[PDB]
């Protein structure tokens, strides 16, 4: 990938202080916008969207997987697990765990689903099977958030994120019912209102998955966006920064999303 009118991104990046990674594709025309699209960024919680997709893929071979109740214990409840916390006394079904992971970034729910899939290596294997050779998940929540500069653990690239997202939501990687369920989960996300969603015209439908590592200014969002009467746009906006204490910026993510969309 390349971009011969990259200066707007370059200036936004310089003002932010860190690194911005953008890839956006118009699935109707094939046009793309890129900026550090081939460079590795920490996934943070954005792996949870692909995790739910991997669950749906398995459910195509395992009848009633999604309906399976999980009666998890208190010591599954790592921090930032609001749904799993709320429902501890009842347990939750695999489907509910998947929805909570996507729509609230629920940590405990992600760990429980990772265990069902064979851990970070199992999710990574799923991603290889749809043709993503960049994605790697190595660790569990919360250790995967360390976001250390240059660490390839728990990273992917904006372009591979977008390409996989397109395969899973719009392409053929998931069966049509599973594909619709994944799209619906993304559309019901509650964590992304200040990121890509803040850049999209109010009348376009959006599904998204956010990520927030909590360190090194590292945060991200990927989304499928449905313009008026048009084929959908798929995009990914990732950030990081060189100092552990650097704050992430939702406004930067929104602004880079807007530059991508305006570029398309």
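Positions refer to the first chain, counted from 1.
Relative to one another, 139-147 and 171-179 have unequal mean CA B-factors, and 171-179 is the one with the higher figure. The mean Cα B-factor in the deposited entry runs higher for 198-206 than for the other of 213-221 and 198-206. Note on 187, 115, 159, 71: the highest value goes to 115, judged by CA B factor as recorded. Based on the entry's C-alpha B-factors, the most elevated value among 43, 37, 66, 235 belongs to 66.
Per-chain ranking of the deposited C-alpha B factor places residue 252 in the highest third. Remark: residue 13 belongs to the lowest third of its chain, ranked by C-alpha B-factor as recorded. The PDB entry assigns residue 32 a C-alpha temperature factor belonging to the middle third of its chain's modelled residues. Ranked against the other modelled residues of its chain, the C-alpha B-factor of residue 131 as given in the entry falls in the highest third. Compared with the other modelled residues of the chain, the Cα B-factor recorded for residue 91 ranks in the lowest third.
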